[PDB]
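[1] first piece of the complex, coordinates kept as in the full assembly:
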Amino acid sequence: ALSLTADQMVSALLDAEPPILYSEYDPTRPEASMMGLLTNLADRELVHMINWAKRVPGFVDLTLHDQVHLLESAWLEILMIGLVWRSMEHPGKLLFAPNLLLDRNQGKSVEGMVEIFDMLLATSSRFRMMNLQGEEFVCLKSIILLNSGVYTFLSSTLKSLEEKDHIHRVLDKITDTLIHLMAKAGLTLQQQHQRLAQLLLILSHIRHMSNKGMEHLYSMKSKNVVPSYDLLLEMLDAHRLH
């Protein structure tokens, strides 16, 4: 897993991509329905996200507790970068699903999105201006999975030191993979390091948007909206019986 080539890593990540899901509304029927639609869509995406995470090279080498911690920290960032990616070719709008495309004025009335709708649109625009490639996108999504929770392993066991070292080794292999993609494309070494930094700085903005989103979700005080550690544990703690 730490022995994949860059091309093999990219191939693995592309193979592991989850599907784009639909909103569950009757398209023959005529608000506050937006949060209901989004909550339902995110619930169904989360199941596929768990399957995807298990195929990110290196991720299933971690303990199940550490897998759960990472997913707990990252899942809304991962939903949001997917949203931004799908919206890249739809300026001024967010493609929540192929049947749920909203513009900014419509977003103005979506619960919890008073700040974040415009932040997501700006991110999508930035991706378009950089001409972000699918291979780069899947690298960034893997980086979020591995990085977002790594500085909150409040554990100091020998095993935890081993876990963090591994996570940093996988992150390093993804950095190498991103650089290789840029070299294949013919970028100079200076352009490669500049572009690597541009992409990684966007991750800080995705964290920001996720924190603002999570603030809203907790404010709802709805028992099942933020996935619990124990729920994520049940989905990740698979048997081998299938």
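    Thanks, I have it. Residues are numbered from 1 along each chain as shown, chains lettered A, B, ... in the order given.
[2] please enumerate the helices of chain A.
    A:6-15, A:33-53, A:64-87, A:104-107, A:116-130, A:134-147, A:158-184, A:189-219, A:229-236 (DSSP state H).
[3] could you check the angle the fifth one makes with helix A:64-87?
    In this case it means helix A:116-130. With axes from the mean of the first three to the mean of the last three Cα atoms, to 10 degrees applied, the angle from helix A:116-130 to helix A:64-87 works out at 70 degrees.
[4] packing partners of helix A:116-130?
    For helix A:116-130, the elements it packs on are helix A:64-87, strand A:93-97, helix A:104-107, helix A:189-219, judged by 3 or more Cβ pairs under 8 Å, 6 or more residues apart in numbering; DSSP states H and E. Where you see a C-beta, it was placed from the backbone N, CA and C, and this is true even at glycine.
[5] cool, the fourth one as well?
    Taking 3+ Cβ pairs under 8 Å, 6+ apart as the contact definition, the neighbouring helices and strands of helix A:104-107 are helix A:116-130.
[6] so for stretch A:147-164, what gets flagged as buried?
    Within stretch A:147-164, the residues that qualify as buried are A:147-150, A:153, A:163-164, counting by 16 or more other Cβ atoms under 10 Å.
[7] which of those lies closest to residue A:106?
    residue A:148 (29.5 Å; Cβ to Cβ).
[8] switch the helices of chain A over to a markdown table; also include distance to residue A:97.
    Converted to a markdown table, the helices of chain A look like this (distance: least, Cβ to Cβ, whole Å):
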| stretch | distance to residue A:97 |
| --- | --- |
| helix A:6-15 | 21 |
| helix A:33-53 | 6 |
| helix A:64-87 | 8 |
| helix A:104-107 | 14 |
| helix A:116-130 | 14 |
| helix A:134-147 | 18 |
| helix A:158-184 | 28 |
| helix A:189-219 | 17 |
| helix A:229-236 | 21 |
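[9] point to the residue nearest the middle of chain A.
    For chain A, the residue sitting closest to the mean C-alpha position, by Cα atoms, centre = their mean, is residue A:78 at 1.5 Å.
[10] quick one: contacts for that one?
    If you count contacts by Cβ atoms under 8 Å, 6 or more residues apart in numbering, residue A:78 has them with A:49, A:141, A:144-145.
[11] over to residue A:192?
    Counting by Cβ under 8 Å, 6+ apart, the residues that residue A:192 touches are A:179, A:182-183.
[12] okay if I get these as TSV plus neighbour count?
    Compiled in TSV, these are given as follows (neighbours: other Cβ atoms under 10 Å):
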residue	neighbour count
A:179	18
A:182	22
A:183	14
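[13] just give me the closest of the residues you listed to residue A:22.
    With Cβ to Cβ as the yardstick, the closest approach to residue A:22 among those comes from residue A:182, at 34.0 Å.
[14] just checking, the closest one touches residue A:194?
    No. Because the distance of 9.6 Å does not satisfy Cβ atoms under 8 Å, residue A:182 is recorded as not touching residue A:194.
[15] distance check, residue A:169 against residue A:58.
    Distance of residue A:169 to residue A:58, given as Cβ to Cβ, to the nearest Å: 8 Å.
[16] and for residue A:67?
    The span separating residue A:67 from residue A:58 equals 11 Å under the rule Cβ to Cβ.
[17] kindly report the same for residue A:115.
    Shown here: residue A:115 relative to residue A:58, a distance of 34 Å by Cβ to Cβ.
[18] between those two, who's got more neighbours?
    Between residue A:115 and residue A:58, residue A:58 has the larger neighbour count (other Cβ atoms under 10 Å), namely 20 against 14.
[19] quick check, the more buried one in contact with residue A:166.
    Yes. With contact defined as Cβ under 8 Å, residue A:58 and residue A:166 form a contacting pair (6.8 Å).
[20] same structure, new chain, call it chain B:
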Amino acid sequence: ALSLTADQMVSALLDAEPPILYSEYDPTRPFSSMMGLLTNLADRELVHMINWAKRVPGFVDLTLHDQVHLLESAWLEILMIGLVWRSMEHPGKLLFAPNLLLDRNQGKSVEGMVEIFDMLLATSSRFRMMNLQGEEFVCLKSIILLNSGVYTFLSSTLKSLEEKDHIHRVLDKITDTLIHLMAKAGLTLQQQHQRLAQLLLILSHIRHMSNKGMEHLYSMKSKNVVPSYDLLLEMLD
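    Time to bring in chain B:
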């Protein structure tokens, strides 16, 4: 400022460093008051932060309104990365000021720090394990200033496009500078790109910690605690 060499950029940033300030308490009186000490310390740091920002190459080429927007987004991240930096050589503790060093158990009783004390300690430990250098630290703090608010200008005027392009040129020049520092130190090209990414990924964690801190500050409902756009505007004028 887009014509500085990497070495000149580093010297400029090192020259521009703000001082380390002290907490204001009677060192002869007992101890227990932490949020009051920290809000006062942050208030006095903010004035020096504005002077520092104006010496970050490229920053004053921006409009006043865009300078305010950047500082409004970034100022707690900038305070927090400074805190993490001065705590690097104090494992298990946070050096809020040279006269205000608290351990983890003491942090347990500090308002608003139920989550972020441990997060700041983890960041300091990560800086120590990477052997972060002062030259790298000042580059990262400048990146935070230029990056944190750049995807929230919510403007598409020709002037705004010009402003965003400039911000990214300055960011690109700091990336070049970071890479040059790593090359001077003898890192291979592979080690350079890996270390650049490690450093920039820590910035996401600094954003996380600032958002958690800002949530607590807004919860205080204290009129002067979160600096207003208009207050920052007066200081930046």
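[21] could you re-examine the contacts of residue A:192 with chain B now present?
    When contacts are counted by Cβ atoms under 8 Å, 6 or more residues apart in numbering or on different chains, residue A:192 touches A:179, A:182-183, B:193.
[22] chain B contacts on chain A?
    A:118-119, A:122-123, A:126, A:143, A:147-148, A:151-154, A:168, A:171-172, A:175-176, A:179, A:189-190, A:192-194, A:196-198, A:200-208, A:211-212, A:215 (Cβ under 8 Å from any Cβ of the partner chain).
[23] tell me the buried residues within the residues you listed.
    With neighbours counted by 16 or more other Cβ atoms under 10 Å in any protein chain shown, the residues of chain A next to chain B contain buried members at A:118-119, A:122-123, A:126, A:143, A:147-148, A:151-153, A:168, A:171-172, A:175-176, A:179, A:192-194, A:196-198, A:200-208, A:211-212.
[24] how about residue A:58, nearest residue that isn't a chain neighbour?
    For residue A:58, the nearest residue in space outside its immediate sequence neighbours is residue A:170; the separation is 3.7 Å by Cβ to Cβ, 6 or more residues apart in numbering or on different chains.
[25] hang on, isn't that neighbour packed against residue A:2?
    Yes. At 7.2 Å, residue A:170 and residue A:2 qualify as touching, with contact defined as Cβ under 8 Å.
[26] and these two? which has more neighbours close in?
    Per other Cβ atoms under 10 Å in any protein chain shown, whichever of residue A:170 and residue A:2 has more neighbours is residue A:170, with 24 against 11.
[27] how about the contacts made by that one?
    Contacts of residue A:170 (Cβ under 8 Å, 6+ apart): A:1-2, A:57-59, A:146.
[28] 7 Å instead?
    Residues counted as contacts of residue A:170 (Cβ atoms under 7 Å, 6 or more residues apart in numbering or on different chains) are A:57-58, A:146.
[29] swap in residue A:210?
    Residues in contact with residue A:210, defined by Cβ under 7 Å, 6+ apart, are A:76-77, A:80.
[30] okay, now residue A:117: neighbour count?
    Counted with other Cβ under 10 Å, the burial measure for residue A:117 works out to 22 neighbours.
[31] around the residue nearest to it when sequence neighbours are not counted, count how many other residues there are.
    Here the nearest residue to residue A:117 in space, its sequence neighbours aside, is residue A:107; by Cβ to Cβ, 6+ apart that works out to 3.6 Å. Residues lying near residue A:107 (other Cβ under 10 Å) number 20.
[32] ok, now residue A:180?
    17.
[33] ok, residue A:41 next?
    Under the neighbour criterion other Cβ under 10 Å, residue A:41 is assigned a count of 19.
[34] contact partners for it?
    Listed by Cβ under 7 Å, 6+ apart, the contact partners of residue A:41 are A:21, A:23, A:96-97.
[35] and these, which is closest to chain B?
    Minimum distance to chain B across these is 19.5 Å, recorded for residue A:96 (Cβ to the nearest Cβ).
[36] now do the end-to-end distance for stretch A:44-61.
    From its first residue to its last, stretch A:44-61 covers 25 Å (Cα to Cα, to the nearest Å).
[37] contacts only, for the nearest residue to residue A:128 once chain neighbours are set aside.
    Taking Cβ to Cβ, 6+ apart as the measure, residue A:128 lies nearest to residue A:88, with 5.1 Å between them; neighbours along the chain are not counted. Applying Cβ under 7 Å, 6+ apart, one finds that residue A:88 lies in contact with A:124, A:127-128, A:132.
[38] mind saving the C-alpha coords of stretch A:180-200 as CSV?
    Presented in CSV, the C-alpha positions along stretch A:180-200 are these (Å, rounded to 0.1, in the frame of the first residue of the first chain):
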residue,chain,number,x,y,z
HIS,A,180,3.7,13.3,-10.6
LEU,A,181,0.3,14.2,-12.2
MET,A,182,1.6,17.8,-12.6
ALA,A,183,4.9,16.5,-14.0
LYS,A,184,3.1,14.3,-16.5
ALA,A,185,1.1,17.3,-17.6
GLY,A,186,4.4,19.2,-18.4
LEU,A,187,4.4,21.7,-15.6
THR,A,188,7.9,23.1,-14.6
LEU,A,189,9.2,22.3,-11.1
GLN,A,190,8.2,25.8,-10.1
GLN,A,191,4.7,25.4,-11.5
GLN,A,192,4.4,22.0,-9.7
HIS,A,193,5.2,23.4,-6.3
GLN,A,194,3.0,26.5,-6.8
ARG,A,195,0.1,24.4,-7.9
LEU,A,196,0.5,21.9,-5.1
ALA,A,197,0.3,24.8,-2.6
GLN,A,198,-2.7,26.3,-4.4
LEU,A,199,-4.6,23.1,-4.1
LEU,A,200,-3.7,22.4,-0.5
